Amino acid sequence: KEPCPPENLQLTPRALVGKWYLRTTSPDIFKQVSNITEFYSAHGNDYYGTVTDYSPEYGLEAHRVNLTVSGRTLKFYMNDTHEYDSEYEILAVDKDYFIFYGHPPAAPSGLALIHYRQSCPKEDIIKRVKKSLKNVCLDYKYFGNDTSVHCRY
């Protein structure tokens, strides 16, 4: 679904550094690719890093990525495949998660992505996520969690 994005939310330099787990998406992508771990390093206001994942069809994958950041949006570039390469806008910022939205080739009608600091986010985090989504005209009921990993949601 299309969000109502907040036009006053901008990415703070270095906010994306470190390890993240992409555990909730809309539409649900987890039958195609799952157990997504991201690691980002700062390059000025940009980032470089890696994304590792499990694919039922391709096996274990490791990808090198770049993020170029421009205000409330960034461009995501991956080396080997470009299924998820797109501009993504920030929808919500929290100490424990970020919510992004874009229209990549893999989900060209729109893809909302929730990146968590914790590998298995607990109920208090999910409650905050639900409120963040409502604030941008989205709804957790249209999202799927990654139930391929050792986490109950």
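One-based numbering along the sequence shown.
**Q** Between 28-36 and 121-129, which has the higher average C-alpha B-factor in the PDB entry?
**A** Higher mean C-alpha B-factor in the PDB entry: 121-129.
**Q** Using only the Cα atoms and their B-factors as the entry lists them, report which of 137-145 and 16-24 averages higher.
**A** Comparing 137-145 with 16-24, the higher mean C-alpha B-factor belongs to 137-145.
**Q** Within this chain, which third does the Cα B-factor at residue 43 fall in: lowest, middle or highest?
**A** Ranked within chain, residue 43 CA B lands in the middle tercile.
**Q** Consider only the C-alpha atoms of the modelled residues in this chain, order them by B-factor as the entry records it, and name the third containing residue 85: lowest, middle or highest.
**A** Highest third of the chain for residue 85's C-alpha B-factor.
**Q** Ranking every modelled residue in this chain by its Cα temperature factor as given in the entry, which third contains residue 59?
**A** It belongs to the highest third of the chain when residues are ordered by C-alpha B-factor.
**Q** For residue 99, does the deposited CA B-factor place it in the lowest, middle or highest third of the chain?
**A** It belongs to the lowest third of the chain when residues are ordered by C-alpha B-factor.
**Q** Which third of the chain does residue 69 land in by C-alpha B-factor: lowest, middle or highest?
**A** Its C-alpha B-factor, which the entry lists for residue 69, ranks in the highest third among residues of this chain.
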